[PDB]
Amino acid sequence: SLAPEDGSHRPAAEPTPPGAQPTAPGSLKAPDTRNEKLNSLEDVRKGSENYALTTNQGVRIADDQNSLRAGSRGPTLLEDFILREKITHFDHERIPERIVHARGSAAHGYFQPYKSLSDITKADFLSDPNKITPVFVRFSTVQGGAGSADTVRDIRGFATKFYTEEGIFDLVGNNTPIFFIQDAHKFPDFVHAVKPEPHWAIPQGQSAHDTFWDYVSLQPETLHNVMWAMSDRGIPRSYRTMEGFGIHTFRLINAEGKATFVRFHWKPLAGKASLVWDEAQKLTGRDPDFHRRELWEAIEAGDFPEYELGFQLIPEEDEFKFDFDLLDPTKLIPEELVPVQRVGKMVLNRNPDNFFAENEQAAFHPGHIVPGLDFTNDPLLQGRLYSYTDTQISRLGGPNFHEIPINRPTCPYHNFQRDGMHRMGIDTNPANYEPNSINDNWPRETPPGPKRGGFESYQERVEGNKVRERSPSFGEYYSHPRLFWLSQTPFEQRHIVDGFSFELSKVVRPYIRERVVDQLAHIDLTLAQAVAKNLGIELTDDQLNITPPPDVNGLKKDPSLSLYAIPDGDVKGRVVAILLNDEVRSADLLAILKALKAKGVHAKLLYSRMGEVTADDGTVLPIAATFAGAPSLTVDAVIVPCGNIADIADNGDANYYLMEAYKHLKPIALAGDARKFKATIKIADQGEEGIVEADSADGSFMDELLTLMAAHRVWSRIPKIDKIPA
Amino acid sequence: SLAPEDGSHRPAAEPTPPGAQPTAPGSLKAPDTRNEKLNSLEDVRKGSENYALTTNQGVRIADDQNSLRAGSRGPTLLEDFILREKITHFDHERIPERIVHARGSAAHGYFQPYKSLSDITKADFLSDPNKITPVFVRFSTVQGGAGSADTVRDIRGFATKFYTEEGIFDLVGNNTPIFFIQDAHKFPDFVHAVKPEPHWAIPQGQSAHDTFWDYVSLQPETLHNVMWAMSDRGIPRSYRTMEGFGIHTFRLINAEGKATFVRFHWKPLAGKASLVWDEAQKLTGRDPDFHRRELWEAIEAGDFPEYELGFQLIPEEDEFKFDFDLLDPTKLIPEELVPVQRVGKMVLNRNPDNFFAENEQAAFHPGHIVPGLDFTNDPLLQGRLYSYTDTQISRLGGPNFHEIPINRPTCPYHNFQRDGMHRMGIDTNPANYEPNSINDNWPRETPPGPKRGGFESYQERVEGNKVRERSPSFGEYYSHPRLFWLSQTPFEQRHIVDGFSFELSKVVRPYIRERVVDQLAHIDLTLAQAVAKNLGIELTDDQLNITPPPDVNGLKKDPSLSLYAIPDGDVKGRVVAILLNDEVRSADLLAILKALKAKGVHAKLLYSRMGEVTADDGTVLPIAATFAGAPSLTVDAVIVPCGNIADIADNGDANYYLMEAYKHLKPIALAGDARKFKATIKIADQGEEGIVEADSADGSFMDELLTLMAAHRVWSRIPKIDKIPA
Amino acid sequence: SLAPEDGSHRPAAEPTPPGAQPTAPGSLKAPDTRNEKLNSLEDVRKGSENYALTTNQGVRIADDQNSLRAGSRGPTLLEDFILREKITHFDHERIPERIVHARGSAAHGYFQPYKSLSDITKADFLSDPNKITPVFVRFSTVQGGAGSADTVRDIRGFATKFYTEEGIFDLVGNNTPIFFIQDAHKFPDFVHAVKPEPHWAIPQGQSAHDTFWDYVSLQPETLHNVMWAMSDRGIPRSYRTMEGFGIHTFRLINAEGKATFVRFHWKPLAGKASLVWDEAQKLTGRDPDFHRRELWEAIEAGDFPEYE
Amino acid sequence: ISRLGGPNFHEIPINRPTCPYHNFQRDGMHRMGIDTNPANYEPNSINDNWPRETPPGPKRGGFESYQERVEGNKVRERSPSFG
Ligand code: HEM
Ligand code: HEM
Ligand code: HEM
């Protein structure tokens, strides 16, 4: 039952493009990629080659194919301890998934700051540009279970665990800069409304159902993050191509004791990019693991996810200087008013070895801060501080979840806590309490100070009566959705209209749709009217006369809110499909592959069957996938070289591949006789912006395609796609 | 610094006698003691001296005395993550106790065979007299909770984990050679009957209640082990002075495939010794931790518990040679018929560092066997095989309880099991199934063989129908109880009678007592009449005429069944109380301590207050405890030196000390005017056997006392003790 | 039939003095003692007389004495679903004990006010003397495990659950009027110092050990409750003869919104009474269930524990 | 047991039998039924041995396994008839 004689079962332990080798555990794929956290996990890494199969008690197994029975056709016997331990472990494999963010994908990496930030914070991980901090990052969706699809419309989580010399700091953020609700007390109501409805547990991974829109229509504080979710921000192309945000205002505390308010940002160095709805939704069917796969394969290829940490900083004396409350997590701070200061870079450069042990069991919690940081009274942040530790208790089995290897600090940890389920650490301290004399009071408290000090809270003044009451300053719900709307390009606005229209069409109770449209009329009447037209709703005279909400501190738009208004495209790590024929013109394929290689763009060679085809010069070309098996959904652009085009000219899958790519706004390039495919996408002979065509592939043809790919999608084609049957 | 300036907070890291120093974690008390398992635990041992106090995430704490509040008389705030982590861990410290044997005391040690047993077993741990195998041993009671008392009347558990090079072997035995029941189906019934009654949860630690004796009276198979429990075997002096037994017949399998039946024995090298019932019972009140303390203090003193492993071996062809079924766990194999062959020595030489992490979390299970051993169809053993894996699941939190450090093998273990709560090992195998080609099928099965082979079951023939039926050969209940009863000394018989008499007097429903007396009359009429007289019950003419059961294979006694018939007294590690007065004669004390020291016997110097006293010659004498503080129950003998005897002659506690010791059959030695105490225990002037007396405490005064100690207790005193008001 | 012909296996369902009859579940000893909470539990009470022995799935069992085997001296078979269920249930009977107060004894009863307290509180259970509120009360020690002894020297817990028409109110108190420490951040340190020491898990049920006195010596705020514990308050004669206190100042709030500060007390109508030390210590050996037994038997006798 | 939290999963409403169920099993996490039987073991006399075993019969009888003949040696072996 062995491996093939040629060694082809084992992936090369070097960087390789997606599809070139089977994927593997990180420590086998990239054994030389190290950091202090990855090294610390070596105590618990288990090999396998050359080892005997055993029970968990170390007894070697002779026959792992059969249960013990009284005769070979007889009953199974109770005394088969080998069968019993294997089946017992299997029967207890599953642990509860996370209440929210159950679907997620993670990797290891490292961070380092660009310069010391000691004038604004004493946090050790930001004190020295040459001090590197290992990280572990998990990206997630919010609503769906751990077996749900990746490219759903949803907010995404972006959680980073920094293993610092002064403790673990978890920055537990999302990919939009606000949340849906203002006070943690409402979190279970909001989550219950977006999650599958309770009688039948439908729908998975979707906010397109009555209960979500019922809640939104009755809680207008949700409308800002709803706008984000209905835009193409809700359907990122990759976890590499979305922004992150801590949402809450936190504090930085320097060695002099000065507090500065801060909001955290991650900027993707691969740039911002999103799918379009129909593409996203079909990809949940054709590849429900698309983002998990893309992240893993980018790290294997050396296309490491990179992100810049950024801080918006506000001095303490400017707390009340905006027209919204800084402590309101439904409000963003526009970068036109407070710029994001660049702070450091994070690089994700190694995949885990075992998804369950490292990803599934990782525990992130925003209460895990370090000296030099502090909280604020944001009432959503305040309630989060209760929930992360308590949940990690039923999910991970007990109070020792910090001893699960992925969660362990790499700095020292010593205290008087003892026992609890699955206790690993064996304490030798004669004392388990303090103050004690019997161990000379060790381990000891440490006064706060500029470095290596004990944690002390910032001594914020508190004055008020004990109340359950929302601050009046939080009761403004429409100005930030309007600012967002007006900062989007015209095509992004169209996609927001379509996202609300699609979702509310799936709400069965028509009055809920009408109440959402009335909320939209309080944001922008153009938006309201465009959604109402798709729902066959007519706005009333009163609704047409609602006064628009005020500008946000004088702003009419802020272009940093748009994905696309400011070009930021980076083609390295993108992928093109190359549709082969049985006699490819090898000069075209040479020119194509050379130009893609120079820009770090990968190729996938597709055909109508698997195996190999031979080019005109004898080059044998292995086929990555069939046209049906790896649809246009999964690539960024499509190139069709010349050769024997008659082999594929009448193939329905090949023609549909181009039609889907065209409808989804992807760049298409056709060389030579492949130009006959222009006819299937039912447009021009003089050509069209977005379709690169030439007698042969070459420097100029590839340059033009690569420039298209740098702009991500061909937005100009939008009006030509409603007629295409695809 | 809170430690005293003179360093007297820290115990000496060297062997010291009981009470000389405070006790400590084993690796701090005996850092030079090692073995392969202790060395492998080093990676999870945590120190304390010189480290900062932190959260579990490694953040240094500055103030561990106060919660975060809004003003120093204000409400506590939810953002106090340091308080929250500390209270959350504490809130979750407890795990379920074991269903039975919840009260237990454990130690590390090692085992070595005296010679290779390869002719009868291929078990690696028995293959070489130079091969030393680490062990971890837990002794326990059965019925009471983890917080119940040590010196109850009960069966004791004796469980040994051997960390072999071919797997963990757990020998999970008790301190009697049979069990109460024949088939595992009845275990919940028996245990429910012995355990506190379900309406009110009384009594703890005791079988002296209606439900236990109701079950016994209805299930005469229980009578053999009940006889053992009612004897002084139910009240051992120490875990170091009891026997252990595997109970079941197992098999040894050699390299040629030959099976030999085997029953396992532990022989205590300190000899056999037990308390008397009134002493045991009072000790549960004065020191409920007396056996746990004694085991720990013996190891800290260097009085290491030592046991010889022995095998009773029966050839396969002798399966049916006895009057009873070898597979019946209510029958013993008399050592007159099959002698115990010595196999090796186990020495327990290190205490744990942390009781919870190493004792509470240890998991022993008799299904953990290694190549060279195998099971038999004993129907109690068969059912045990189901129970120990399952229970260790709710108890220890999941299917990865072998990764808890004390449970881990020291030999390699590799397999395709994955996940489960609290998974520590991070598997790098590309495959999690076999057969596989992707990892060339590793880890791989191993054929059985003479050494280092895979486990294969012995191919025993099975023939019969699927039935729920007890074998007729098991249906004999009285002959082994009678052999036991006949093998006892007269004083041991008297204690058995008194054990039954006391227990049945606590049974509230009189017919249950009557039904039990009827079962006794099927064993031995003398026994049944003596118990009946104590209960005011008169035997009928029919009961007086029940034919005794037959002898066992012609035996009418076997002295190996008695604790005391064949003297095996060791005094090393025993303890003597020395009662001081305010002006002790130093020449007496010097003599006493010198002789005790030469024989390895400990002393505790007692008085009517703490502090010190001064001898006649000015020597300062440190007092260990007061008369009331360390009662006679806790020592093996009592010595009173001369001096100012009028200081203590009318001290009620000093008098009571001697009466208690006397009642409990302990040797008592009186020097000089300490002979005035004869009147308080009613001793005549010619003296009496068991009271050592003289003008001073030498020539042969110490030799006579140490001779009485070697014989444990003064049995011949028993007729005199009923008069003494104590 | 295994019961004796004369029926002396079954205690009479009428009050009887301690030792006169075997003790029995409450609903069999006193079937006509009722309150709203005891009546609401009727849906989950299960009987036994005249019913067949079954699996948990309702399958009747024919032989509850033997495992299924291949021949009557053969190996046990994995298809024995009856054995498997019965052993699986037994293997999971235990749950974690309480972190503190693990040893306790409980009874049902009821509470009634002497007068309407509406001028000081709007709490509905205090609003009318004819309003009866069921209670369930658990008394406990603090340090020992659930199988430790009753007459140790310790603080005792006195916890009452009031099943009111406006919600459950739990009054979770002890038998002395203060506690050992000031701020909850220190609770795990104090409890760890009083509990059995971590290396060897001794001593059970006792504060007479180095780490407790270490902490006391270093934390003089403890000294007041230590005084109480070393007095005979630390060794009550019975749960019926000790006082109870909520310890903390709470607030009462009336219908006008006025707050009054309040501390809560329970006064034993049987009076206050304690053991002496040598008697208490010896009793932990002769009857470690002494307090649990005394409470049960007092109720079976009609000597109901009463507290104001 | 691990999925549903303990050995009393039969008392979760959807899993409950609609016929009678009585036995001597007790306790476990999440125990809903409050047993009033003085006995939690059998054989017992203190409750006249109830609940009681029921012999097999044509209707409403105790379960008994069919007495199939077993013959062979203790082996980990796939029957050749399955190959
Ligand atoms: C700004 C608003 C919030 C953001 C950005 C946020 C972000 C996230 C992210 C990214 C995760 C997944 C961490 C991972 O990958 O494992 C998560 C999990 C969780 N969140 Fe939050 N969340 C927010 C609000 C809240 C609120 C208000 C609560 C409850 C009061 C909460 C309770 C949870 C819980 C229960 C989990 C599961 C944690 C676990 O099992 O380990 N979240 N959150
Ligand atoms: C010969 C008869 C038996 C002997 C000598 C025996 C011995 C022991 C001993 C010494 C322990 C304590 C191990 C330790 O110190 O942790 C124990 C625990 C246990 N026994 Fe047995 N026992 C016997 C029969 C049974 C049977 C028939 C069953 C169930 C079918 C059973 C179920 C258990 C369970 C559930 C535990 C607690 C295990 C744990 O939580 O780790 N015992 N037994
Ligand atoms: C005046 C001070 C306190 C008193 C009077 C008090 C009283 C009690 C009582 C009577 C019980 C047992 C309830 C029962 O019978 O089930 C109990 C249990 C408990 N107490 Fe407190 N206690 C106090 C302080 C604390 C503090 C400061 C903490 C933690 C910060 C705490 C945590 C606990 C916990 C964890 C249990 C176990 C509860 C359970 O498992 O159900 N106690 N306490």
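In order, the residues displayed for chain A correspond to 28-753 in Swiss-Prot numbering, which applies throughout.
So this one's X-ray crystallography, 1.6 Å, going by the header.
Every residue gets a Cβ built from N, Cα and C, even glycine.
Here Swiss-Prot flags A:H128 (among others) as active site. Over all protein chains present, the Cβ of A:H128 (active site) has 23 other Cβ atoms lying within 10 Å.
Cβ neighbour count for A:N201 (active site) (all protein chains, 10 Å cutoff from its Cβ): 24. The active site feature in Swiss-Prot is assigned to A:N201 (among others); the stated evidence is sequence analysis.
Summarising the environment of A:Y415 (heme binding site), the number of other Cβ atoms within 10 Å of its Cβ, over all protein chains shown, is 19. Under the DSSP three-state reduction, A:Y415 (heme binding site) is assigned to helix. Summarising the annotation, Swiss-Prot assigns heme binding site to A:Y415.
Swiss-Prot lists A:459-493 with the feature region 'Disordered'. Residues 149, 151, 154, 193, 278, 280, 282, 284, 286, 397-398, 401, 404, 441-443, 445 of the same chain, all 6+ positions outside the region 'Disordered' (A:459-493), place their C-beta atoms under 8 angstroms from a C-beta of that stretch.
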Problem set entry | Cα distance (Å, whole number) from A:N201 (active site) to A:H128 (active site) | 10
For this session: Using DSSP, tally how many residues of the region 'Disordered' (A:459-493) sit in helix, strand and coil.
Result: 0 helix, 2 strand, 33 coil
For this session: Express the distance between the Cα positions of A:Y415 (heme binding site) and A:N201 (active site) as a whole number of Å.
Result: 16
Exercise. Going by DSSP, is A:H128 (active site) part of a helix, a strand, or coil?
Worked result: coil
